[PDB]
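Trainee: One structure coming up, written as structure tokens, with questions to follow.
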Amino acid sequence: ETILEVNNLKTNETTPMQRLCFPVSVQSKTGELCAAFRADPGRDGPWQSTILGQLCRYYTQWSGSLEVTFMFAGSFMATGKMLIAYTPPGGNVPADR
Amino acid sequence: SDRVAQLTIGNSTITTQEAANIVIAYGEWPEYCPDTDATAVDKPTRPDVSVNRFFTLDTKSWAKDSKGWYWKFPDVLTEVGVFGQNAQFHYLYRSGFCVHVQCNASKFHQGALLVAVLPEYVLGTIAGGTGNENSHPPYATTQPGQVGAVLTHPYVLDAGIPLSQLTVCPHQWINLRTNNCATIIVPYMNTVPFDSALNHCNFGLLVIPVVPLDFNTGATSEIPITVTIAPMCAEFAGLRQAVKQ
Amino acid sequence: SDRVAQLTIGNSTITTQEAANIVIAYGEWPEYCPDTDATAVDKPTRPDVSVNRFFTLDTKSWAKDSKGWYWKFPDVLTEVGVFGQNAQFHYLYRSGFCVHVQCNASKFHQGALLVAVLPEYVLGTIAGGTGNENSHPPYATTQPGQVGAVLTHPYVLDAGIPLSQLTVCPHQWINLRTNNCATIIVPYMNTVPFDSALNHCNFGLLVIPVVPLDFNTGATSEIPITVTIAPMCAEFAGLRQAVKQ
Amino acid sequence: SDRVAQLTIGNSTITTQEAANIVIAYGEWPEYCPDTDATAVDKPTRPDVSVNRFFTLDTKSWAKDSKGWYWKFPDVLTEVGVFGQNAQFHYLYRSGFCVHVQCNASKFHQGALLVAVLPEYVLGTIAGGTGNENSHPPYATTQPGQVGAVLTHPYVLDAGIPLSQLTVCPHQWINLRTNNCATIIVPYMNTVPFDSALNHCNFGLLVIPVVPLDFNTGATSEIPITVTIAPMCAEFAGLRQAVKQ
Amino acid sequence: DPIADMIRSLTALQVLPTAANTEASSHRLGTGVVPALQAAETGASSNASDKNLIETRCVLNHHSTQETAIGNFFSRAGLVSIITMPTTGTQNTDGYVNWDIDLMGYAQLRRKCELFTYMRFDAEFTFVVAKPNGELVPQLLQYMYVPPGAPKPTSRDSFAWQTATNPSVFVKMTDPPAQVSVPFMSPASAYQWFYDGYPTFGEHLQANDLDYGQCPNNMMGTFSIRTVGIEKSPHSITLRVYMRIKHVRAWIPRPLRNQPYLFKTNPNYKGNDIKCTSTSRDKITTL
Amino acid sequence: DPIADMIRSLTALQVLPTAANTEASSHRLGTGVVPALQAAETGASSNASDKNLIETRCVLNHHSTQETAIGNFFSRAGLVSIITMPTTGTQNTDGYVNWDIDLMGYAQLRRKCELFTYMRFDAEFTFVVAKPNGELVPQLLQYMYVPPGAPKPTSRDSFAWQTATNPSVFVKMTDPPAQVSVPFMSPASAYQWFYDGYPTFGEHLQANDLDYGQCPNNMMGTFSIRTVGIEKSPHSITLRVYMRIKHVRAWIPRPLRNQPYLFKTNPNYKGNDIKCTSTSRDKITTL
Amino acid sequence: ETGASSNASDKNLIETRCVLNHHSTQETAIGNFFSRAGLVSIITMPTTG
Amino acid sequence: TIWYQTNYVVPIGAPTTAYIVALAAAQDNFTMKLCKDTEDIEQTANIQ
Ligand SMILES: CCCCCCCCCCCCC/C=C\[C@H](O)[C@H](N)CO
Ligand SMILES: CCCCCCCCCCCCC/C=C\[C@H](O)[C@H](N)CO
Ligand SMILES: [Cl-]
Ligand SMILES: [Cl-]
Ligand SMILES: [Cl-]
Ligand SMILES: [Cl-]
Ligand SMILES: [Cl-]
Ligand SMILES: [Cl-]
Ligand SMILES: [K+]
Ligand SMILES: [K+]
Ligand code: NA
Ligand code: NA
């Protein structure tokens with residue numbers, strides 16, 4: 001496992017460290033979307049920061065299951081439940097939860 | 001039963017009630033150099049308890065805006081206790097290490113340090129900004145001593161490589177809501193069986209806050225980070241007079 | 001080891017680190033209809049993973065003055081995913097359910113929800129107040145869809161019966177200082193082996209705050225409640241064109 | 001005893017008293033994808049009777065001057081019954097087919113339809129007539145839906161290839177003086193174990209009148225042609241929300 | 001074979017003729033074991049018993065559990081209907097009456113049945129008849145059961161009383177009360193006092209919301225009665241019908257009705273006057 | 001167990017090294033048997049053989065069937081591409097060329113492959129290079145294979161020619177022709193000459209109807225070539241590429257192309273001039 | 001935090017079918033990754049300059 | 001996609017915003033093929 005740059009914003013480029021983690025915070029509305037990104041590992045984007053992404057770019061094809069592990073770094077007193085989904089090919093970014 | 005732990009070596013003992021296991025770098029325990037691999041013919045000195053014990057270095061303070069620190073091995077101890085003395089009096093040195101980084105906060109603070117060991121941590125300069133100047137790091141930066149140094153560009157580890165991939169190296173995280181220490185056991189790694197403790201640093205210890213420290217005002221703001229290390233299986237050879245560098 | 005749990009069915013997995021066991025309604029696991037009890041002669045379709053998986057419905061917000069909510073089964077899913085499609089294309093349906101209600105707060109909040117399953121949850125009206133009007137609940141109230149509905153008189157469950165005795169039905173409590181979810185596994189219950197998923201709701205899920213939510217101002221005030229359900233052993237028969245009601 | 005036949009699958013049955021045997025394309029019966037050939041790891045859904053049954057599409061009228069028609073698979077059913085629903089909700093699909101084309105006349109009519117299955121039926125355009133325009137067929141022509149489409153140049157199958165050689169593909173003829181239907185069983189054919197039912201049409205069904213319809217005036221002139229097809233061993237995987245294209 | 005992926009109840013019955021005994025116990029002082037502490041959130045009721053909370057003596061309990069068997073709780077005849085045929089008035093100066101069978105008109109029996117969601121049973125019906133003041137006269141009556149779909153009599157002498165197939169009973173108001181056994185007749189496996197649904201498909205416009213909760217599987221038809229004669233009888237008649245459940249089975253217990261009943265066919269209650277299940281007092285610290 | 005309802009190819013391979021023999025036959029005169037009569041409607045081809053229609057002698061046929069094995073039909077090098085790098089003009093005065101690999105540009109080979117729907121094979125590529133007039137000069141060339149996703153060289157001295165991972169071949173125009181073996185590279189189990197579909201999801205507006213028939217599983221990347229030097233070469237260069245299929249398997253035969261080819265990527269044909277598969281004559285009764 | 005990567009596999013998070021995977025791991029052996037000639041130096045000897 | 005199933009809840013005294021780190025890797029059925037050069041490195045200029 002290596003770090004995925006999910007928070008790869010244009011506004012981050014000058015403070016790159018901020019790209020290594022994304023936020024969650026007290027919502028006011030239910031069912032809000034927190035973040036989204038493609039699972040394509042050899043594609044430009046978040047995966048490029050991982051050793052996996054870099055290495056598979058030295059090969060033309062790949063096959064296999066991937067694994068993304070999320071670590072919560074809030075305070076011990078914080079609680080919450082998130083729904084993480086993988087939408088196979090066909091449907092663009094799901095509109096709602 | 002995995003969160004509690006005790007480390008006892010030499011005349012020193014460390015305890016922790018919020019651990020997250022222990023890492024054995026590349027799956028190998030340190031060991032003295034075997035006769036098949038050795039090349040130097042003199043019988044080495046293996047001081048044992050006077051040098052294979054825990055030494056605690058100067059403490060650093062973690063702020064909401066800290067960039068991160070690093071230390072080089074065996075530089076950190078070349079001038080501490082009996083270990084340093086042996087490193088100075090001998091041309092050849094070899095050992096492993098037990099690294100224990102400490103940092104506790106409260107159930108209301110948050111943040112995450114990545115604690116990693118990077119073999120042959122060679123540093124680079126920003127090349128005069130433009131990149132037309134072939135500048136180099138000064139001794140004080142490559143071998144910061146026991147005080148360690150500060151990273152100016154953690155994102156590229158001051159060496160043109162991505163912090164995002166540092167986890168490919170032996171490491172642990174100190175995630176305040178989960179644990180308060182990191183422990184890594186490191187075996188000797190080099191292309192030669194023994195080497196100079198002065199001219200060559202086998203690896204570097206990096207402590208970088210990937211998820212910044214935060215807390216509501218009113219909560220304790222002095223959150224230190226302390227490094228305690230112990231040489232393991234320290235061996236020395238090529239005795240002569242003492243040399244500091 | 002009773003507080004932690006994982007539910008995996010179909011292409012979906014639920015986790016919880018603050019559970020309070022799992023209830024198996026009336027001690028029976030759901031099962032497909034056996035040949036001795038069956039009556040309809042056509043070979044049924046048992047889609048398996050496309051319909052026996054977890055579906056998460058719209059979230060509700062718990063306030064210091066909430067009365068309580070309820071959902072009807074299988075109404076909630078008649079228009080969701082492949083399950084709904086099968087329910088529409090077939091006259092006959094039958095299945096069990098795994099109900100997982102979620103609600104987490106902080107160690108400083110308090111309150112207790114009673115989560116119960118009431119078979120054949122028939123609703124009544126307040127009879128024009130005086131009781132001289134023989135009014136009836138409108139479709140939208142008897143079959144609220146996936147959004148569920150609100151109880152106007154929780155004390156009598158909008159049906160002339162005491163909430164105080166609802167615990168005689170399969171249930172669990174979500175007591176904020178103890179757990180953050182309730183899980184109930186429900187087997188098919190009816191006087192007939194298969195039935196219409198549109199005309200008949202086998203049971204209702206009630207979530208009522210018996211001990212009101214409370215917390216000091218400054219603490220997070222948006223405390224949602226989320227319902228995730230999974231049909232189990234879904235079977236269908238009497239294929240024809242799709243019907244919504 | 002070869003002229004009579006019955007096809008029963010799902011809740012549907014076809015009968016014919018003037019058949020001419022049944023063709024099994026390339027000598028292979030359809031079958032579910034085996035573990036050695038499969039690659040996708042999720043457990044698929046195999047709905048069985050709700051999708052492996054006979055569906056009858058819109059009827060066409062055969063005239064003394066008809067050019068011929070064609071349909072693409074699985075396009076024809078992507079929006080019909082439970083099969084279509086499954087094709088929309090899943091990324092991956094795979095199945096075989098039983099194709100039954102019907103056309104009866106009288107012992108006084110005459111004509112002959114060639115009924116064939118052409119794998120990977122890619123269409124071409126007449127290139128602006130002169131051949132200097134690199135035009136392409138519009139969606140409506142490549143995937144005509146359940147209504148099918150009309151051939152503009154049957155002699156070259158709208159694809160630069162000779163109709164005269166189409167018999168090299170699985171086929172039957174409906175020669176009015178001999179039979180009134182054609183039946184072809186088609187196994188899954190593709191370079192991949194499963195595929196999109198929306199982006200890729202595995203094969204096309206062509207019905208071309210090679211020997212034109214004729215009859216003396218006074219005889220019934222409305223001679224329809226009806227297509228009834230049944231998916232066989234339909235399997236689906238990669239569940240998500242419904243997509244129409 | 002070439003496709004691998006293509007390849008219960010943890011509790012049962014015991015006979016308990018008597019209440020559980022009490023085993024003698026002594027003091028228990030220690031860590032780890034803590035039977036008094038529970039977690040009601042689980043959904044389970046407390047497992048603690050006397051011996052865990054106090055020091056007990058031994059008690060050989062012979063108290064019987066038989067009288068609380070559902071059979072003894074239900075097999076007691078109760079009133080389910082009162083039918084009247086007066087001689088003067090707007091009621092039924094016709095000499096006959098057709099009653100739609102619905103037993104939910106009297107609370108005592110209804111509340112007992114509604115303790116369960118589904119019940120299956122046979123029944124003994126007793127017909128107690130007399131003049132409205134309780135006196136008896138030599139009047140010949142005929143009671144007939146008209147199942148759904150059978151022609152209902154339209155007069156005191158309709159052909160339907162030929163009763164060639166329907167079952168009929170002929171009895172005098174002076175004979176003891178007529179009594180018969182009735183089998184379980186629903187087309188379903190059990191009668192259900194609660195049906196959260198509609199009887200038919202369609203849109204459920206507010207015009208036909210009276211359909212809600214109506215289960216055809218419980219509609220047993222009509223019960224008809226007449227004085228047997230071509231001429232009108234001079235006597236007003238009062239018929240009380242009692243039902244006794246027998247050979248009973250019941251499923252899914254539910255909270256007991258705690259608001260007066262308003263209608264036979266639904267659980268509607270008087271919203272302006274919602275009764276508390278328990279009486280009240282002034283302070284929580286005083287009796 | 002408590003639910004009962006929850007509980008192939010009739011033709012195979014033979015080795016035929018030689019054509020079938022002819023057995024001697026005599027006259028057959030009788031009813032019932034009638035081998036000459038067929039029913040083409042079935043979809044089957046006639047089963048009748050010489051001995052059934054005439055009197056035959058015995059013939060021990062040793063004619064071999066080997067030369068028609070698909071392997072011998074395809075394993076013959078054919079031209080699949082001609083690449084040119086001239087020194088003057090609008091073509092490529094750059095000293096390098098990037099060619100998208102597409103072998104459907106030459107009819108002879110294409111028509112042979114299109115006899116089948118799917119083909120899987122390995123290949124031997126031979127590179128014949130010379131000046132445009134056929135003369136040869138001491139020029140050093142570099143051919144490089146740039147798989148999909150690899151950086152394409154943008155100049156005669158782009159870093160990409162370092163070729164640290166891509167395979168490259170360095171050869172002189174005077175050496176014999178370079179030759180290499182290439183494995184089967186599709187991510188699919190076979191290359192497919194016909195793909196009745198679209199490469200992606202979405203609406204297929206007439207603007208992107210050029211997507212139709214494009215199968216990514218056949219797109220093998222780019223083939224790049226340059227004169228090896230930092231300075232421009234004074235010679236125009238002509239590179240002919242030949243391909244020889246080997247270790248081949250093929251599926252699903254189809255009608256052979258009978259209209260001239262117009263484009264590499266589709267079967268479009270000239271509609272104003274639709275050629276008949278066979279030549280014509282005046283009368284059906286005369287040669 | 002332990003420093004270990006996740007041990008979870010497909011079968012633990014979803015319902016899986018059986019798949020007999022024959023994909024080779026040979027091309028990623030370091031030997032095949034490195035044993036490909038690459039440019040390490042360009043040396044020039046001009047006649048003028 | 002990552003959604004809020006319930007809500008990030010915290011009591012008085014703790015940050016109302018926190019972060020999540022995402023780590024990714026391959027599982028055991030992962031393999032790669034057809035070795036090629038990466039687009040991710042370029043000799044924009046001469047290395048001295
Ligand atoms: C000759 C004497 C005939 C007596 C026939 C009496 C038949 C009555 C059968 C008892 C049926 C149980 C009651 C069933 C349903 C309830 O009334 C429902 N609430 C009505 O909607
Ligand atoms: C150093 C020499 C490198 C030579 C590399 C040549 C690789 C060519 C592989 C042959 C692939 C077969 C052709 C595949 C598909 C057809 O061209 C399609 N019609 C293109 O759409
Ligand atoms: Cl990718
Ligand atoms: Cl930085
Ligand atoms: Cl209330
Ligand atoms: Cl034509
Ligand atoms: Cl009569
Ligand atoms: Cl070069
Ligand atoms: K007893
Ligand atoms: K032979
Ligand atoms: Na206990
Ligand atoms: Na024959």
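Naming works like this for the structure tokens: A, B, ... for the chains as they're shown, residue 1 at the start of each chain, ligands 1 onward in shown order.
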With only C-alpha atoms as the counted atoms, please give the residues lying no more than 7 Å from residue 115 in chain B, apart from itself and same-chain residues fewer than 4 positions off, as a ChimeraX atom specification.

Mentor: /B:171-173,182,206-208

Trainee: Convert the current residue selection to file output with C-alpha atoms, as an mmCIF file, in the first residue's frame.

Mentor:
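The resulting out-v5.cif:
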```cif
data_model
loop_
_atom_site.group_PDB
_atom_site.id
_atom_site.type_symbol
_atom_site.label_atom_id
_atom_site.label_comp_id
_atom_site.auth_asym_id
_atom_site.auth_seq_id
_atom_site.Cartn_x
_atom_site.Cartn_y
_atom_site.Cartn_z
ATOM 1 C CA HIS B 171 7.129 2.012 8.685
ATOM 2 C CA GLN B 172 4.284 2.595 11.088
ATOM 3 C CA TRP B 173 1.966 5.521 11.652
ATOM 4 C CA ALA B 182 5.893 3.489 16.576
ATOM 5 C CA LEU B 206 11.794 10.197 8.843
ATOM 6 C CA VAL B 207 8.894 11.473 10.963
ATOM 7 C CA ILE B 208 6.453 13.425 8.828
#
```

Trainee: I want to know what sits within 8 Å of residue 242 in chain D, based on only C-alpha atoms, with residues of the same chain fewer than 3 positions away left out; could you give that as an MDAnalysis selection string?

Mentor: (chainID A and resid 91) or (chainID C and resid 81) or (chainID D and resid 85 88:90)

Trainee: If you count only C-alpha atoms and all ligand atoms, which residues end up within 9 Å of ligand 10, as JSON, numbers by chain?

Mentor: {"F": [16, 17, 18, 19, 20, 21, 22, 59, 60, 61, 62, 63, 64]}

Trainee: Let me see the file: selected residues, C-alpha atoms, as a PDB file, in the first residue's frame.

Mentor:
```pdb
ATOM      1  CA  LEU F  16      -7.900 -36.944 -42.855  1.00  0.00           C
ATOM      2  CA  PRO F  17      -4.435 -36.892 -44.529  1.00  0.00           C
ATOM      3  CA  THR F  18      -5.966 -37.910 -47.829  1.00  0.00           C
ATOM      4  CA  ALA F  19      -9.084 -37.388 -49.870  1.00  0.00           C
ATOM      5  CA  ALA F  20     -11.800 -39.965 -49.407  1.00  0.00           C
ATOM      6  CA  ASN F  21     -11.594 -43.139 -51.510  1.00  0.00           C
ATOM      7  CA  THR F  22     -14.255 -44.282 -53.926  1.00  0.00           C
ATOM      8  CA  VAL F  59     -10.285 -45.621 -56.467  1.00  0.00           C
ATOM      9  CA  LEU F  60      -7.519 -45.545 -53.864  1.00  0.00           C
ATOM     10  CA  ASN F  61      -7.092 -41.823 -53.539  1.00  0.00           C
ATOM     11  CA  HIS F  62      -3.811 -40.607 -52.110  1.00  0.00           C
ATOM     12  CA  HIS F  63      -4.312 -36.890 -52.797  1.00  0.00           C
ATOM     13  CA  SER F  64      -3.073 -34.938 -49.776  1.00  0.00           C
TER      14      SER F  64
END
```

Trainee: Extract, using only C-alpha atoms, all DNA, RNA and protein residues at most 12 Å from residue 149 in chain D, discarding same-chain residues fewer than 5 positions from it, and format them as number ranges by chain.

Mentor: D: 58-60, 67-72, 76, 123, 139-144, 154, 158, 204-208

Trainee: Pick out each residue of range 6-232 of chain B that DSSP on the backbone tags as helix (DSSP H, G or I); I need them as a CSV table (one decimal) with N, CA and C atoms, in the first residue's frame.

Mentor:
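Done, and the output landed in out02.csv:
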```csv
chain,number,residue,atom,x,y,z
B,25,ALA,N,11.8,-4.7,10.1
B,25,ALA,CA,12.2,-4.3,8.7
B,25,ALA,C,12.6,-5.5,7.8
B,26,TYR,N,11.9,-5.5,6.6
B,26,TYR,CA,12.2,-6.6,5.6
B,26,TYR,C,12.1,-8.0,6.2
B,27,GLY,N,11.4,-8.1,7.3
B,27,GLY,CA,11.3,-9.4,8.0
B,27,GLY,C,12.6,-10.0,8.6
B,48,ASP,N,28.3,-5.5,24.0
B,48,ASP,CA,27.0,-5.9,24.5
B,48,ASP,C,26.2,-4.9,25.3
B,49,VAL,N,25.8,-5.1,26.5
B,49,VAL,CA,25.0,-4.2,27.3
B,49,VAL,C,25.4,-2.7,27.4
B,50,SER,N,26.7,-2.4,27.3
B,50,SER,CA,27.1,-1.0,27.4
B,50,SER,C,26.7,-0.2,26.2
B,75,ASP,N,24.9,8.3,12.7
B,75,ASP,CA,25.2,9.7,13.1
B,75,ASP,C,24.7,10.1,14.5
B,76,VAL,N,23.4,9.9,14.7
B,76,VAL,CA,22.8,10.3,15.9
B,76,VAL,C,23.5,9.9,17.2
B,77,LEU,N,24.2,8.7,17.1
B,77,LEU,CA,24.8,8.3,18.3
B,77,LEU,C,26.4,8.4,18.4
B,81,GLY,N,27.3,8.3,24.9
B,81,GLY,CA,27.7,7.2,25.7
B,81,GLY,C,28.9,6.3,25.1
B,82,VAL,N,28.9,5.1,25.6
B,82,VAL,CA,29.9,4.1,25.2
B,82,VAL,C,29.8,3.7,23.8
B,83,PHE,N,28.6,3.9,23.2
B,83,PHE,CA,28.5,3.5,21.8
B,83,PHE,C,29.3,4.5,21.0
B,84,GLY,N,29.1,5.8,21.2
B,84,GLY,CA,29.8,6.8,20.5
B,84,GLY,C,31.3,6.6,20.6
B,85,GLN,N,31.8,6.3,21.8
B,85,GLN,CA,33.2,6.2,22.1
B,85,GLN,C,33.7,5.0,21.2
B,86,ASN,N,33.0,3.9,21.2
B,86,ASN,CA,33.5,2.8,20.3
B,86,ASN,C,33.4,3.1,18.9
B,87,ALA,N,32.5,3.9,18.4
B,87,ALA,CA,32.4,4.3,17.0
B,87,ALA,C,33.6,5.2,16.6
B,88,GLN,N,34.1,6.0,17.6
B,88,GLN,CA,35.2,6.9,17.4
B,88,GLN,C,36.5,6.1,17.4
B,89,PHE,N,36.7,5.2,18.3
B,89,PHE,CA,38.0,4.5,18.4
B,89,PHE,C,38.2,3.4,17.3
B,139,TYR,N,27.7,19.5,5.4
B,139,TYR,CA,27.8,18.4,6.4
B,139,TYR,C,26.6,18.5,7.3
B,140,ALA,N,26.3,19.7,7.9
B,140,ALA,CA,25.3,19.8,8.9
B,140,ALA,C,23.9,19.4,8.4
B,141,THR,N,23.7,19.3,7.1
B,141,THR,CA,22.4,18.8,6.6
B,141,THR,C,22.4,17.3,6.4
B,142,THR,N,23.5,16.8,5.9
B,142,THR,CA,23.6,15.4,5.6
B,142,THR,C,23.8,14.5,6.9
B,145,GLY,N,23.5,15.2,13.2
B,145,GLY,CA,23.8,14.8,14.6
B,145,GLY,C,22.6,14.4,15.4
B,146,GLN,N,22.6,14.4,16.7
B,146,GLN,CA,21.5,13.9,17.5
B,146,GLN,C,20.3,14.8,17.5
B,147,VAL,N,20.4,16.0,17.0
B,147,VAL,CA,19.3,17.0,17.0
B,147,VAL,C,18.4,16.8,15.8
B,154,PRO,N,8.9,18.3,2.3
B,154,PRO,CA,8.5,16.9,2.6
B,154,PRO,C,7.9,16.2,1.5
B,155,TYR,N,7.1,16.9,0.7
B,155,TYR,CA,6.4,16.2,-0.5
B,155,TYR,C,7.3,15.4,-1.4
B,156,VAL,N,8.6,15.9,-1.5
B,156,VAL,CA,9.6,15.2,-2.3
B,156,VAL,C,10.8,14.7,-1.5
B,163,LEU,N,6.8,11.4,-1.3
B,163,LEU,CA,6.5,11.0,0.0
B,163,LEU,C,5.4,10.0,-0.1
B,164,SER,N,4.5,10.2,-1.0
B,164,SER,CA,3.3,9.3,-1.2
B,164,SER,C,3.7,7.8,-1.3
B,165,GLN,N,5.0,7.5,-1.7
B,165,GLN,CA,5.4,6.1,-1.8
B,165,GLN,C,6.4,5.6,-0.7
B,166,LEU,N,6.6,6.5,0.3
B,166,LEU,CA,7.5,6.1,1.3
B,166,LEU,C,7.1,4.9,2.1
B,167,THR,N,5.8,4.5,2.1
B,167,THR,CA,5.3,3.3,2.8
B,167,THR,C,5.8,2.0,2.2
B,168,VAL,N,6.6,2.2,1.1
B,168,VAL,CA,7.1,1.0,0.5
B,168,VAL,C,8.3,0.6,1.4
```

Trainee: Find the spatial neighbours of residue 23 in chain H, counting only C-alpha atoms, within a cut-off of 9 Å - ignore same-chain residues fewer than 4 positions away - and output them as a list in words.

Mentor: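 Using only C-alpha atoms, the neighbours found are residues 1, 2, 3, 4, 50, 67, 68, 69, 70 and 71 of chain A; 5 of chain G.
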
Trainee: Those selected residues, please, written with C-alpha atoms and delivered as a CSV table (one decimal), in the first residue's frame.

Mentor:
```
chain,number,residue,atom,x,y,z
A,1,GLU,CA,0.0,0.0,0.0
A,2,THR,CA,1.1,3.5,-0.9
A,3,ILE,CA,-0.7,6.9,-0.7
A,4,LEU,CA,-3.4,7.9,-3.2
A,50,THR,CA,1.1,5.2,-5.8
A,67,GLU,CA,-7.7,-2.8,-2.9
A,68,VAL,CA,-8.1,0.7,-1.4
A,69,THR,CA,-7.7,1.0,2.4
A,70,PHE,CA,-9.0,4.2,4.1
A,71,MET,CA,-7.5,5.3,7.4
G,5,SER,CA,-0.9,-3.7,4.1
```
